[PDB]
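Accompanying notes for the structure given below.
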Amino acid sequence: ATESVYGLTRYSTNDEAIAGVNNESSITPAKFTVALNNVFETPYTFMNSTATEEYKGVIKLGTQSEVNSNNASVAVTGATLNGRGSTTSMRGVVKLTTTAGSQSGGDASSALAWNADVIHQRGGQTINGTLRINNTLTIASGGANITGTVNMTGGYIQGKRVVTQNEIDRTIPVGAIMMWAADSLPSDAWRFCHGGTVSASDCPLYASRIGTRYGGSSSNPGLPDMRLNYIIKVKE
Amino acid sequence: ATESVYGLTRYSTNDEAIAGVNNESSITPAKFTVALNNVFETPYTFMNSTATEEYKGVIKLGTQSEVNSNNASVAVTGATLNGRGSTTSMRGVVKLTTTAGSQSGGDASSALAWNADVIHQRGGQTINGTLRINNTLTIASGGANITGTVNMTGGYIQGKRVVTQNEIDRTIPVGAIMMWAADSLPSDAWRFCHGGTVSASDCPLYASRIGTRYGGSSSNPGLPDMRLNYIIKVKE
Amino acid sequence: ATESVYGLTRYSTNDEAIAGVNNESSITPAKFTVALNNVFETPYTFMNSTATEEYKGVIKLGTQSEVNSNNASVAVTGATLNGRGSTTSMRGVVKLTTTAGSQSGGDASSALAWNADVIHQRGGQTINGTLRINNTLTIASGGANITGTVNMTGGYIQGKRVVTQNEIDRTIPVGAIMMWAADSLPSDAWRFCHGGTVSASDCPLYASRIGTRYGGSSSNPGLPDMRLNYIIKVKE
Ligand SMILES: [Cl-]
Ligand SMILES: [Cl-]
Ligand SMILES: [Cl-]
Ligand SMILES: [Cl-]
Ligand SMILES: [Cl-]
Ligand SMILES: [Cl-]
């Protein structure tokens with residue numbers, strides 16, 4: 001057999017079926033299935049969102065220095081509120097003192113309490129000690145009740161000069177003689193002119209002014225004897 | 001035909017082509033294509049980032065108690081600033097009072113204002129009422145102008161004792177007789193010794209001291225008749 | 001050859017092997033492998049976590065208005081602490097003043113310092129100027145030492161009336177005559193009754209009361225001549 005004309009043919013072996021180049025034999029069903037098996041089978045807007053008027057946020061604690069400087073941003077604490085003591089130049093917190101002229105527990109930021117021991121303008125109070133006033137005292141009504149001695153440079157009552165003891169002798173001097181209408185004398189400033197003596201120590205002005213003019217001695221100067229009665233002024 | 005030698009062959013059927021075990025027939029093109037189709041076709045560093053000096057952050061509101069204790073961490077509010085009232089032991093805020101000795105609206109944390117009604121050391125003021133001083137008053141200049149009566153234990157002007165009315169009789173006692181140079185008397189303390197009487201009620205000391213020595217009666221005691229003129233002192 | 005019976009066969013061409021419909025030829029190994037190649041080869045709980053008592057958080061800065069209103073939530077700054085000035089109606093911060101009656105640097109929220117120039121109740125102080133008191137002064141001990149003149153409506157020492165100069169003439173009037181025991185006179189209130197004259201300008205009361213009764217002239221009125229000696233009271 002050939003491609004061209006008919007004739008005899010044998011069957012291919014298994015080896016020929018697999019090695020499919022032999023052109024001189026024919027393929028049986030059994031070697032279609034042999035031959036197939038070589039082919040078929042092979043943190044900024046946190047910290048920048050600050051506290052303000054308008055909006056809430058975050059806040060730095062003021063140092064004392066910042067608190068005292070009136071810093072409009074920082075926070076005031078218990079400690080820096082306490083630490084900002086009032087002074088004469090800076091608004092601040094104070095302790096009260098009820099004793100004028102004393103600080104309260106050594107604190108310079110002490111102010112006088114409502115009930116401090118001051119004298120006020122309404123009256124009815126007591127100063128428990130002395131007082132000095134450097135110019136005129138005017139008492140507008142009700143006078144003065146004074147325990148102890150008043151010393152004054154001058155004195156007038158309703159425009160009339162007050163009399164003092166040194167003036168007594170000018171009005172009626174020791175040594176004056178008058179008469180007397182009664183039986184007894186009410187004071188020893190005067191004595192009867194019935195002779196006898198007075199004591200120079202009892203009557204020092206009589207002794208100096210009159211001496212022994214009427215007898216007696218220097219210690220016991222004599223009185224005039226003028227015997228109504230006469231009387232003589234012997235002492236102040 | 002065989003594998004070994006040449007000879008006759010028939011063609012396989014379709015069924016034989018598919019069931020490829022028959023070794024005794026040959027495969028045509030038409031049954032290559034039949035047989036193929038059985039094979040080919042089958043929250044900590046929030047809350048721990050706190051407010052401080054140095055750094056901003058977060059803050060607890062102080063209770064009053066913490067504010068008053070000077071807590072250095074918490075925040076002061078309007079309410080706890082207001083609530084921290086000054087006392088004698090603790091720095092704080094105050095109301096002002098212009099009236100010494102009165103709290104302002106019942107507030108114990110009241111301090112005297114700059115213009116409270118106090119007496120100061122500079123002068124020129126008025127106390128509208130009484131004043132008591134428990135020891136010596138010194139007026140250093142300008143004296144005193146006193147409306148009303150001064151009562152004093154003692155009085156001196158420039159070191160001389162002030163005279164009082166009870167001393168008048170010692171100097172010139174009722175009952176004294178002197179002479180007189182003028183035609184009329186300027187006071188009724190003295191009377192002419194021209195007899196007649198005085199009234200005991202007008203002249204009680206004359207009546208007691210002299211009685212009816214010179215005539216008259218107890219109510220109308222007689223004066224001496226000594227007829228310059230004589231005069232007698234009849235009353236203070 | 002046929003499907004049914006045996007006989008002669010030729011071999012298929014390559015073209016027949018590929019176009020596998022020819023039923024009248026047989027397939028060689030070489031055209032199994034040709035024919036196969038057409039088949040085988042073809043931001044709320046931030047802002048709502050607020051500051052409180054109990055818990056930390058976030059805070060709004062108080063305006064002054066809120067601070068002053070005692071707002072219990074907002075924050076106090078240096079500026080609003082400073083800005084909350086004490087008044088009589090509102091607790092606040094103060095400046096101190098040591099001068100009563102003056103604000104410190106024009107600040108209405110000025111309180112008297114512990115050492116302000118006030119008079120207190122304990123004594124020992126000085127008012128450097130005048131003082132007016134509108135009712136009675138009581139000095140409880142130690143009297144008064146007064147530089148300058150005291151004018152008073154009335155005066156008593158230990159309940160006895162103080163004597164004034166206008167009373168002198170009532171006790172012993174100008175014009176009185178008495179006797180005298182000494183050789184010389186200690187004052188010119190009295191003169192010897194030895195004739196001669198006094199000066200009307202030296203002795204105006206004698207001149208008015210006595211005139212020229214004893215001789216002389218109106219300018220130089222005569223004294224009595226009564227020639228112990230007589231004396232006459234010529235002036236106060
Ligand atoms: Cl006698
Ligand atoms: Cl002698
Ligand atoms: Cl008469
Ligand atoms: Cl009688
Ligand atoms: Cl003479
Ligand atoms: Cl004449």
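For the structure tokens, the naming scheme is as follows: chains receive sequential letters (A, B, ...) according to their order of presentation, residues are indexed from 1 within each chain, and ligands are indexed from 1 in presentation order.
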Would you mind listing what lies within 7 Å of range 110-120 of chain C as a PDB file with N, CA and C atoms, in the first residue's frame, with only C-alpha atoms counted and same-chain residues fewer than 5 positions away left out?
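Written file, selection.pdb:
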ATOM      1  N   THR A  97      -6.372  92.748 110.296  1.00  0.00           N
ATOM      2  CA  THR A  97      -5.845  92.951 111.632  1.00  0.00           C
ATOM      3  C   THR A  97      -6.871  93.818 112.410  1.00  0.00           C
ATOM      4  N   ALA A 100      -4.776  98.244 115.157  1.00  0.00           N
ATOM      5  CA  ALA A 100      -4.048  99.204 114.315  1.00  0.00           C
ATOM      6  C   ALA A 100      -2.601  99.359 114.719  1.00  0.00           C
ATOM      7  N   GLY A 101      -1.732  99.395 113.716  1.00  0.00           N
ATOM      8  CA  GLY A 101      -0.305  99.480 113.922  1.00  0.00           C
ATOM      9  C   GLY A 101       0.382  98.164 114.092  1.00  0.00           C
ATOM     10  N   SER A 102      -0.357  97.049 114.022  1.00  0.00           N
ATOM     11  CA  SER A 102       0.245  95.697 113.978  1.00  0.00           C
ATOM     12  C   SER A 102      -0.214  94.896 112.757  1.00  0.00           C
ATOM     13  N   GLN A 103       0.750  94.257 112.100  1.00  0.00           N
ATOM     14  CA  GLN A 103       0.487  93.258 111.073  1.00  0.00           C
ATOM     15  C   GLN A 103      -0.130  92.043 111.727  1.00  0.00           C
ATOM     16  N   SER A 110      -1.562  93.271 105.367  1.00  0.00           N
ATOM     17  CA  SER A 110      -2.530  93.300 106.416  1.00  0.00           C
ATOM     18  C   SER A 110      -3.272  94.629 106.286  1.00  0.00           C
ATOM     19  N   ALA A 111      -4.599  94.592 106.342  1.00  0.00           N
ATOM     20  CA  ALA A 111      -5.441  95.773 106.270  1.00  0.00           C
ATOM     21  C   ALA A 111      -6.274  95.824 107.542  1.00  0.00           C
ATOM     22  N   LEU A 112      -6.703  97.030 107.889  1.00  0.00           N
ATOM     23  CA  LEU A 112      -7.541  97.189 109.113  1.00  0.00           C
ATOM     24  C   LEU A 112      -8.910  96.606 108.881  1.00  0.00           C
ATOM     25  N   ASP A 117      -9.411  98.447 116.233  1.00  0.00           N
ATOM     26  CA  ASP A 117      -9.476  99.308 117.424  1.00  0.00           C
ATOM     27  C   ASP A 117      -9.204 100.822 117.129  1.00  0.00           C
ATOM     28  N   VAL A 118      -9.817 101.346 116.085  1.00  0.00           N
ATOM     29  CA  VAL A 118      -9.631 102.718 115.665  1.00  0.00           C
ATOM     30  C   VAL A 118     -10.636 103.635 116.353  1.00  0.00           C
ATOM     31  N   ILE A 119     -10.274 104.888 116.440  1.00  0.00           N
ATOM     32  CA  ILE A 119     -11.182 105.958 116.829  1.00  0.00           C
ATOM     33  C   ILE A 119     -11.785 106.475 115.550  1.00  0.00           C
TER      34      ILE A 119
ATOM     35  N   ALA B 111     -13.028  95.285 105.348  1.00  0.00           N
ATOM     36  CA  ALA B 111     -11.869  96.063 105.749  1.00  0.00           C
ATOM     37  C   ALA B 111     -12.236  97.534 105.624  1.00  0.00           C
ATOM     38  N   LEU B 112     -11.536  98.358 106.392  1.00  0.00           N
ATOM     39  CA  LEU B 112     -11.806  99.825 106.335  1.00  0.00           C
ATOM     40  C   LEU B 112     -11.316 100.389 105.026  1.00  0.00           C
ATOM     41  N   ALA B 113     -12.226 101.077 104.337  1.00  0.00           N
ATOM     42  CA  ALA B 113     -11.858 101.758 103.111  1.00  0.00           C
ATOM     43  C   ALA B 113     -10.954 102.967 103.375  1.00  0.00           C
ATOM     44  N   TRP B 114     -10.258 103.376 102.324  1.00  0.00           N
ATOM     45  CA  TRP B 114      -9.459 104.595 102.300  1.00  0.00           C
ATOM     46  C   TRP B 114     -10.238 105.808 102.834  1.00  0.00           C
ATOM     47  N   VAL B 118     -12.681 107.378 109.973  1.00  0.00           N
ATOM     48  CA  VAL B 118     -11.701 107.291 111.035  1.00  0.00           C
ATOM     49  C   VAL B 118     -11.101 108.662 111.330  1.00  0.00           C
ATOM     50  N   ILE B 119     -10.602 108.802 112.530  1.00  0.00           N
ATOM     51  CA  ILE B 119      -9.771 109.931 112.923  1.00  0.00           C
ATOM     52  C   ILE B 119      -8.350 109.514 112.647  1.00  0.00           C
ATOM     53  N   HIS B 120      -7.638 110.432 112.003  1.00  0.00           N
ATOM     54  CA  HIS B 120      -6.234 110.211 111.612  1.00  0.00           C
ATOM     55  C   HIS B 120      -5.310 111.148 112.410  1.00  0.00           C
ATOM     56  N   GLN B 121      -4.030 111.052 112.120  1.00  0.00           N
ATOM     57  CA  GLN B 121      -3.004 111.759 112.818  1.00  0.00           C
ATOM     58  C   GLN B 121      -2.712 113.139 112.273  1.00  0.00           C
TER      59      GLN B 121
ATOM     60  N   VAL C  94      -7.616  94.655  96.924  1.00  0.00           N
ATOM     61  CA  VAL C  94      -7.372  96.040  97.268  1.00  0.00           C
ATOM     62  C   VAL C  94      -5.909  96.398  97.151  1.00  0.00           C
ATOM     63  N   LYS C  95      -5.644  97.679  96.914  1.00  0.00           N
ATOM     64  CA  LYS C  95      -4.373  98.284  97.234  1.00  0.00           C
ATOM     65  C   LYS C  95      -4.433  98.770  98.701  1.00  0.00           C
ATOM     66  N   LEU C  96      -3.301  98.760  99.350  1.00  0.00           N
ATOM     67  CA  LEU C  96      -3.166  99.409 100.656  1.00  0.00           C
ATOM     68  C   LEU C  96      -2.864 100.920 100.547  1.00  0.00           C
ATOM     69  N   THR C  97      -3.408 101.688 101.499  1.00  0.00           N
ATOM     70  CA  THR C  97      -3.021 103.079 101.648  1.00  0.00           C
ATOM     71  C   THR C  97      -2.610 103.291 103.130  1.00  0.00           C
ATOM     72  N   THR C  98      -1.507 103.983 103.352  1.00  0.00           N
ATOM     73  CA  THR C  98      -1.091 104.274 104.707  1.00  0.00           C
ATOM     74  C   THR C  98      -1.561 105.660 105.144  1.00  0.00           C
ATOM     75  N   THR C  99      -2.231 106.390 104.256  1.00  0.00           N
ATOM     76  CA  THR C  99      -2.755 107.696 104.531  1.00  0.00           C
ATOM     77  C   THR C  99      -4.255 107.670 104.527  1.00  0.00           C
ATOM     78  N   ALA C 100      -4.887 107.730 105.706  1.00  0.00           N
ATOM     79  CA  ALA C 100      -6.357 107.743 105.726  1.00  0.00           C
ATOM     80  C   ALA C 100      -6.942 108.942 105.018  1.00  0.00           C
ATOM     81  N   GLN C 103      -6.875 107.628  98.508  1.00  0.00           N
ATOM     82  CA  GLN C 103      -6.704 106.435  97.689  1.00  0.00           C
ATOM     83  C   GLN C 103      -5.236 106.279  97.364  1.00  0.00           C
ATOM     84  N   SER C 104      -4.838 105.043  97.080  1.00  0.00           N
ATOM     85  CA  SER C 104      -3.492 104.744  96.650  1.00  0.00           C
ATOM     86  C   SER C 104      -3.476 104.764  95.109  1.00  0.00           C
ATOM     87  N   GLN C 125      -0.548 108.569 121.206  1.00  0.00           N
ATOM     88  CA  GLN C 125      -0.421 109.132 119.866  1.00  0.00           C
ATOM     89  C   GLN C 125      -0.562 110.623 119.791  1.00  0.00           C
TER      90      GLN C 125
END
Find the residues near ligand 6. Use a cut-off of 10 Å, count only C-alpha atoms and all ligand atoms, and write them as a PyMOL selection string.
chain C and resi 211-212+215-221
Could you give me the residues within range 146-181 of chain A that DSSP places in helix (DSSP H, G or I), as a VMD selection string?
chain A and resid 165 to 171
May I have the selected residues written with N, CA and C atoms, as an mmCIF file, in the first residue's frame?
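Result file out_36.cif:
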data_model
loop_
_atom_site.group_PDB
_atom_site.id
_atom_site.type_symbol
_atom_site.label_atom_id
_atom_site.label_comp_id
_atom_site.auth_asym_id
_atom_site.auth_seq_id
_atom_site.Cartn_x
_atom_site.Cartn_y
_atom_site.Cartn_z
ATOM 1 N N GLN A 165 -3.654 132.791 142.537
ATOM 2 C CA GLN A 165 -3.365 133.028 143.960
ATOM 3 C C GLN A 165 -2.392 134.158 144.186
ATOM 4 N N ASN A 166 -1.417 134.293 143.318
ATOM 5 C CA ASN A 166 -0.458 135.387 143.385
ATOM 6 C C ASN A 166 -1.134 136.748 143.289
ATOM 7 N N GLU A 167 -2.404 136.834 142.882
ATOM 8 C CA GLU A 167 -3.104 138.102 142.818
ATOM 9 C C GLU A 167 -3.761 138.566 144.102
ATOM 10 N N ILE A 168 -3.901 137.638 145.046
ATOM 11 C CA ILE A 168 -4.583 137.902 146.297
ATOM 12 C C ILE A 168 -3.923 139.002 147.036
ATOM 13 N N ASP A 169 -2.594 138.970 147.114
ATOM 14 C CA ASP A 169 -1.899 140.026 147.843
ATOM 15 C C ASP A 169 -2.043 141.432 147.275
ATOM 16 N N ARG A 170 -2.134 141.542 145.972
ATOM 17 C CA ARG A 170 -2.418 142.836 145.354
ATOM 18 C C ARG A 170 -3.774 143.397 145.808
ATOM 19 N N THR A 171 -4.807 142.584 145.868
ATOM 20 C CA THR A 171 -6.108 143.069 146.280
ATOM 21 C C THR A 171 -6.142 143.450 147.731
#
Within-12 Å residues of ligand 5, basis only C-alpha atoms and all ligand atoms, as a ChimeraX atom specification
/C:180,183-198,223-225,229-234
Store the residues of this selection in a file with N, CA and C atoms, as a PDB file, in the first residue's frame.
ATOM      1  N   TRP C 180      -2.756 150.551 157.385  1.00  0.00           N
ATOM      2  CA  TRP C 180      -1.606 149.811 156.908  1.00  0.00           C
ATOM      3  C   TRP C 180      -0.527 149.879 157.962  1.00  0.00           C
ATOM      4  N   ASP C 183       5.919 149.930 156.188  1.00  0.00           N
ATOM      5  CA  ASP C 183       6.487 151.228 155.858  1.00  0.00           C
ATOM      6  C   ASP C 183       6.352 151.532 154.371  1.00  0.00           C
ATOM      7  N   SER C 184       6.123 150.492 153.588  1.00  0.00           N
ATOM      8  CA  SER C 184       6.071 150.592 152.122  1.00  0.00           C
ATOM      9  C   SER C 184       4.957 149.663 151.592  1.00  0.00           C
ATOM     10  N   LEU C 185       4.487 149.979 150.417  1.00  0.00           N
ATOM     11  CA  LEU C 185       3.332 149.245 149.826  1.00  0.00           C
ATOM     12  C   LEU C 185       3.870 148.290 148.776  1.00  0.00           C
ATOM     13  N   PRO C 186       3.359 147.083 148.751  1.00  0.00           N
ATOM     14  CA  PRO C 186       3.887 146.124 147.777  1.00  0.00           C
ATOM     15  C   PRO C 186       3.289 146.246 146.369  1.00  0.00           C
ATOM     16  N   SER C 187       2.185 146.994 146.187  1.00  0.00           N
ATOM     17  CA  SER C 187       1.578 147.196 144.866  1.00  0.00           C
ATOM     18  C   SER C 187       0.984 148.546 144.722  1.00  0.00           C
ATOM     19  N   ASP C 188       0.860 148.980 143.478  1.00  0.00           N
ATOM     20  CA  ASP C 188       0.283 150.275 143.161  1.00  0.00           C
ATOM     21  C   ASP C 188      -1.259 150.225 143.051  1.00  0.00           C
ATOM     22  N   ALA C 189      -1.877 149.099 143.478  1.00  0.00           N
ATOM     23  CA  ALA C 189      -3.345 149.072 143.602  1.00  0.00           C
ATOM     24  C   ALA C 189      -3.786 149.965 144.769  1.00  0.00           C
ATOM     25  N   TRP C 190      -2.875 150.175 145.737  1.00  0.00           N
ATOM     26  CA  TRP C 190      -3.150 150.975 146.915  1.00  0.00           C
ATOM     27  C   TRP C 190      -2.176 152.149 146.986  1.00  0.00           C
ATOM     28  N   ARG C 191      -2.620 153.235 147.564  1.00  0.00           N
ATOM     29  CA  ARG C 191      -1.779 154.412 147.810  1.00  0.00           C
ATOM     30  C   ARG C 191      -2.032 154.942 149.201  1.00  0.00           C
ATOM     31  N   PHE C 192      -1.003 155.550 149.767  1.00  0.00           N
ATOM     32  CA  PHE C 192      -1.207 156.256 150.993  1.00  0.00           C
ATOM     33  C   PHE C 192      -2.166 157.395 150.834  1.00  0.00           C
ATOM     34  N   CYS C 193      -3.007 157.641 151.849  1.00  0.00           N
ATOM     35  CA  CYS C 193      -3.921 158.785 151.885  1.00  0.00           C
ATOM     36  C   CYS C 193      -3.152 160.004 152.465  1.00  0.00           C
ATOM     37  N   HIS C 194      -2.161 160.439 151.739  1.00  0.00           N
ATOM     38  CA  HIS C 194      -1.301 161.585 152.154  1.00  0.00           C
ATOM     39  C   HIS C 194      -1.421 162.765 151.151  1.00  0.00           C
ATOM     40  N   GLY C 195      -2.632 162.978 150.613  1.00  0.00           N
ATOM     41  CA  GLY C 195      -2.906 163.978 149.565  1.00  0.00           C
ATOM     42  C   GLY C 195      -2.172 163.744 148.275  1.00  0.00           C
ATOM     43  N   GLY C 196      -1.949 164.751 147.478  1.00  0.00           N
ATOM     44  CA  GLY C 196      -1.371 164.416 146.161  1.00  0.00           C
ATOM     45  C   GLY C 196      -2.481 163.808 145.293  1.00  0.00           C
ATOM     46  N   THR C 197      -2.092 163.256 144.157  1.00  0.00           N
ATOM     47  CA  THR C 197      -3.008 162.923 143.106  1.00  0.00           C
ATOM     48  C   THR C 197      -2.610 161.628 142.549  1.00  0.00           C
ATOM     49  N   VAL C 198      -3.502 161.019 141.800  1.00  0.00           N
ATOM     50  CA  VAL C 198      -3.166 159.934 140.879  1.00  0.00           C
ATOM     51  C   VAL C 198      -3.502 160.360 139.490  1.00  0.00           C
ATOM     52  N   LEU C 223      -6.097 162.539 145.980  1.00  0.00           N
ATOM     53  CA  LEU C 223      -6.285 161.539 147.024  1.00  0.00           C
ATOM     54  C   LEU C 223      -6.576 162.183 148.320  1.00  0.00           C
ATOM     55  N   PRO C 224      -7.327 161.502 149.199  1.00  0.00           N
ATOM     56  CA  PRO C 224      -7.567 162.067 150.511  1.00  0.00           C
ATOM     57  C   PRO C 224      -6.264 162.248 151.290  1.00  0.00           C
ATOM     58  N   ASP C 225      -6.262 163.214 152.194  1.00  0.00           N
ATOM     59  CA  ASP C 225      -5.119 163.478 153.070  1.00  0.00           C
ATOM     60  C   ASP C 225      -5.612 163.179 154.438  1.00  0.00           C
ATOM     61  N   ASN C 229      -0.753 154.231 159.015  1.00  0.00           N
ATOM     62  CA  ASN C 229      -1.221 155.144 158.003  1.00  0.00           C
ATOM     63  C   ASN C 229      -2.539 154.633 157.419  1.00  0.00           C
ATOM     64  N   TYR C 230      -3.265 155.543 156.810  1.00  0.00           N
ATOM     65  CA  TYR C 230      -4.395 155.166 155.952  1.00  0.00           C
ATOM     66  C   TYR C 230      -3.932 154.927 154.512  1.00  0.00           C
ATOM     67  N   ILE C 231      -4.599 153.975 153.852  1.00  0.00           N
ATOM     68  CA  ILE C 231      -4.371 153.654 152.468  1.00  0.00           C
ATOM     69  C   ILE C 231      -5.716 153.557 151.720  1.00  0.00           C
ATOM     70  N   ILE C 232      -5.680 153.867 150.471  1.00  0.00           N
ATOM     71  CA  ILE C 232      -6.852 153.825 149.632  1.00  0.00           C
ATOM     72  C   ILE C 232      -6.618 153.008 148.374  1.00  0.00           C
ATOM     73  N   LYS C 233      -7.640 152.241 147.986  1.00  0.00           N
ATOM     74  CA  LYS C 233      -7.530 151.365 146.833  1.00  0.00           C
ATOM     75  C   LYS C 233      -7.846 152.218 145.608  1.00  0.00           C
ATOM     76  N   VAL C 234      -6.848 152.352 144.743  1.00  0.00           N
ATOM     77  CA  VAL C 234      -6.938 153.254 143.562  1.00  0.00           C
ATOM     78  C   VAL C 234      -7.071 152.567 142.238  1.00  0.00           C
TER      79      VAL C 234
END
Option closest in space to chain B, from C:59, C:127, C:181, C:207 [counting only C-alpha atoms]:
C:127
What separation in Å, quoted to one decimal, exists between CA of residue 40 in chain C and CA of residue 1 in chain A?
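Pair CA of residue 40 in chain C / CA of residue 1 in chain A returns 27.6 Å.
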